[PDB]
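Numbering (the deposited numbering), first residue to last: 1A, 1 to 95, 100 to 163, 169 to 209. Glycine residues also receive a C-beta, built at the ideal position from the N, C-alpha and C atoms. Everything on this sheet refers to the single structure shown next.
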Amino acid sequence: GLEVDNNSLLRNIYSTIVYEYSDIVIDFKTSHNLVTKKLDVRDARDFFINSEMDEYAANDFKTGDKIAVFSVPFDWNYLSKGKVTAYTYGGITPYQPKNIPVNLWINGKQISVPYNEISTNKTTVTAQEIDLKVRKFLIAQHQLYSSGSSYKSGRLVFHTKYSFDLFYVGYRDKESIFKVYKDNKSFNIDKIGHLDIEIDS
């Protein structure tokens, strides 16, 4: 509710680990979920990723398709013997480097962002991938969600406009906060002019 609590909440939420795999086959595809085949082994067990997405978005994929994954999980299942499945939202692009210029304003003042701050080697990249890379950067270099930070609002805008509210807290958990990635929104790398970011106290 209060600024302090929201910062601690989001700082923790966005400290969550990110999964990045460039070539995996879809084992199962249902109306609104994609489940990968084994990605690798984590803590001695077969690791699989389940992606939940709008039916409209899920319609683009089918079992057997080769895809790339870039997403953050909100749950895990260890109930399966010798296996662990992580649940995520979207983060799926067809199997296949470029810097994306960033404009940043903090409390009304424009701040320079280095040329190579945000990049991706995909031709079709999800808004999720970019948002995760952006927040990681803002947390590490501009005190976003840091204790003792006065920030209370902000947004990341994709200037092709699509955007993410940097202080959306939903039901105060990963399941609700990462749900904004459910649309599996993506862009062709060449159609993204730059990213506009604003953070305000």
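Would you mind reading off the limits of the alpha helix (DSSP H) that contains residue i?
i, result
"residue 99", "Missing from the coordinates: residue 99, inside the break in the chain from 95 to 100."
With a Cβ-Cβ cutoff of 8 Å, do residue i and residue j count as a contact?
i, j, result
"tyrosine 86", "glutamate 132", "no"
"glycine 81", "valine 24", "no"
"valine 68", "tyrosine 13", "no"
"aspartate 191", "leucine 159", "no"
"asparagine 106", "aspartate 39", "no"
"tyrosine 94", "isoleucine 121", "no"
"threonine 123", "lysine 155", "no"
"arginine 138", "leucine 8", "no"
"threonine 15", "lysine 182", "yes"
"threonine 129", "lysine 193", "yes"
"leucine 33", "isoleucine 91", "yes"
"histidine 31", "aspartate 53", "yes"
"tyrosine 18", "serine 70", "yes"
Can you find the residues in the same chain that come closer than 8 Å, C-beta to C-beta, to residue i, ignoring five residues on each side of it along the sequence?
i, result
"residue 99", "One cannot assign coordinates to residue 99, given that the chain in this structure leaps from 95 to 100."
"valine 83", "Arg41, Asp42, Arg44, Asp45, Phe46, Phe47, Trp75, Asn76, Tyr77"
"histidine 145", "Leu107, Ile109, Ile114, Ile207"
Who are the Cβ neighbours of residue i in its own chain at under 6 Å, not counting the five residues just before and after it?
i, result
"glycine 178", "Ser184, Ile185"
"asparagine 110", "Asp208, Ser209"
"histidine 162", "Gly201, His202, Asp204"
"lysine 136", "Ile121"
"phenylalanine 140", "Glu120"
"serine 153", "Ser209"
With residue i as the anchor, note down where its beta strand (DSSP E) starts and where it stops.
i, result
"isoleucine 66", "65-70"
"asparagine 6", "That residue, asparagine 6, is in no beta strand (DSSP E); its alpha helix (DSSP H) goes 2-12."
"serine 184", "Premise fails: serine 184 lies in the alpha helix (DSSP H), 182-185, not in any beta strand (DSSP E)."
"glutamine 95", "Here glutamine 95 belongs to no beta strand (DSSP E), and DSSP marks it neither H nor E."
"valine 34", "32-35"
"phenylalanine 172", "171-173"
"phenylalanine 46", "44-51"
"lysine 28", "18-29"
"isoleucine 200", "Neither: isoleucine 200 is in no beta strand (DSSP E) and is coded neither H nor E."
"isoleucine 121", "Unbroken run through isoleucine 121: none, as it is neither H nor E."
Identify, in the order they occur along the chain, each residue of the same chain with its Cβ nearer than 7 Å to the Cβ of residue i, setting aside the five sequence neighbours on each side.
i, result
"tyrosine 176", "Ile185, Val188"
**Message:** For the structure I just gave you, are there three or more beta carbon pairs, one from the segment 187-202 and one from the segment 148-159, closer than 8 Å?
**Reply:** The count of Cβ pairs closer than 8 Å, one atom from the segment 187-202 and one from the segment 148-159, stays below three, leaving the stretches out of contact.
**Prompt:** Enumerated in chain order, which unbroken segments of the beta strand (DSSP E) with a length of 3 residues or greater are wholly contained in the segment 135-163?
**Reply:** The segment 135-163 contains these whole beta strand (DSSP E) runs: 156-162.
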